[PDB]
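Everything on this sheet refers to the single structure shown next.
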Amino acid sequence: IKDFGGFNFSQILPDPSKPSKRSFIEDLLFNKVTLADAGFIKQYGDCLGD
Amino acid sequence: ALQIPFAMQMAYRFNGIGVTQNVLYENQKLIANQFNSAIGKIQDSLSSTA
Ligand SMILES: *[C@@H]1O[C@H](CO)[C@@H](O)[C@H](O)[C@H]1NC(C)=O
């Protein structure tokens, strides 16, 4: 009757010296807040007319 | 009346520069909003996958 000793189920990250890698993915902060123009979009367009 | 075509072509070039600037501004706005939406969706998908 053979003994069940050679069965070693391996894990993924049991105790790898506690790496604790801080990713901190700042993907939401990568937005393009574009500045406006030099005006003449609503003031000059309404003041000039025809 | 010899100075009329000069001002005519000057105004035509000005209008061309203006419409090209408007097209470039619209294209930049399109690229900006598309990049924002794509980055948001990619971040959501990556968070769900993780
Ligand atoms: C399984 O193997 C690991 C390293 O390879 C060892 O630390 C562990 O004690 C083993 N477990 C058994 C039940 O043999």
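Protein sequence lines correspond, in order, to chains X and D. Heads up, the first sequence is in the UniProt record's numbering, so the first residue is 794 and it goes up one at a time. Heads up, the second sequence is in the UniProt record's numbering, so the first residue is 893 and it goes up one at a time. All C-beta atoms, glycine included, are put in the ideal place defined by N, C-alpha and C.
{"Item": "Measuring CB to CB, does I931 of chain D end up less than 9 Å from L828 of chain X?", "Value": "no"}
{"Item": "Check whether the Cβ atoms of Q935 of chain D and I818 of chain X lie closer than 9 Å to each other.", "Value": "yes"}
{"Item": "Going along chain X in order, which residues have a C-beta closer than 8 Å to the C-beta of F927 of chain D?", "Value": "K825"}
{"Item": "Going straight from the alpha carbon of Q926 of chain D to that of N914 of chain D, what length do you get?", "Value": "18 Å"}
{"Item": "Anything in chain X within Cβ reach of residue 970 of chain D, meaning under 9 Å, just list it in chain order.", "Value": "Residue 970 of chain D is absent from the structure shown; chain D starts at 893 and stops at 942."}
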